[PDB]
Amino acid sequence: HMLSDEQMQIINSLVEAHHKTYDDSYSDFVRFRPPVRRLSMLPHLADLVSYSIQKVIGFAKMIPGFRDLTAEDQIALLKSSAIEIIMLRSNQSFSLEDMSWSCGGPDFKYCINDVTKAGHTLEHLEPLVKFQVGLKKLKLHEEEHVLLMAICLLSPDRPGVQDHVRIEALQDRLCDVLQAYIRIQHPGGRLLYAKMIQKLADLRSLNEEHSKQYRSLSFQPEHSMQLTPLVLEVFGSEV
């Protein structure tokens, strides 16, 4: 019936961490290789994703108890949750009005077609669009949005994690907060938490499809050369 001085603390850190790592103007975008509308969008989106990974790392490092994990694990979690966290955070820029990520003028408004010119199929882009919409329809409070990201990241069931007990512990602690927060601060949240955990499962397959279509790219040098070192390292197999 009332948040605790430690649960308030975690929410405060997470919300700040997100503000510290997510520009709502997308001003850094000019720094990317320009968009071209084969695979004309690959350089830009690769830049976009590489940049995002950095932001996702900055966020993670501020998640409570994350720093205390082994370098090995922090990497295991980041590598496997990378793309998911990116899909989650991109919801702030997605919009139902025109079914696209609107990160700026005509140049930075990303529609499903643009991503096609990055080597991904409309087939596996549909679930993404569908996922963004449902997430958008949840009208998540910043706290829940922020908590969902941190919970997604601290998933214990990722290829590579060692101490999956300390990680499961951290995660379902976060989960408590989300439930607690929703239950006492979000009117009509009766069903929300379940719906939110639904998203995580959605993300897994969304992650899966991507990791496949990415291997294609990563194997064709004419395309892999368009990627950034960070991307290649994060979505690479070399552990």
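All residue numbers are counted from 1 along the displayed sequence.
- In this entry, residue 37 and residue 38 are separated by 10 or more residues of the deposited sequence that lack coordinates.
- In this entry, 1-9 shows the higher mean Cα temperature factor of the pair 228-236 and 1-9.
- The stretch 94-102 shows the higher mean C-alpha B-factor when 94-102 is compared against 150-158 in the entry.
- Out of 141, 79, 89, 166, it is 166 whose C-alpha atom has the highest B-factor in the PDB entry.
- Of the candidates 118, 135, 85, 112, the one whose C-alpha carries the top B factor in the deposited record is 112.
- Remark: residue 126 belongs to the highest third of its chain, ranked by C-alpha B-factor as recorded.
- The entry lists a Cα temperature factor for residue 25 that places it in the highest third of the chain's modelled residues.
- In the PDB entry, a CA B factor belonging to the highest third of its chain's modelled residues is recorded for residue 185.
- Compared with the other modelled residues of the chain, the Cα B-factor recorded for residue 191 ranks in the highest third.
- When the CA B factors of the chain's modelled residues are split into thirds, the value for residue 73 lands in the lowest one.
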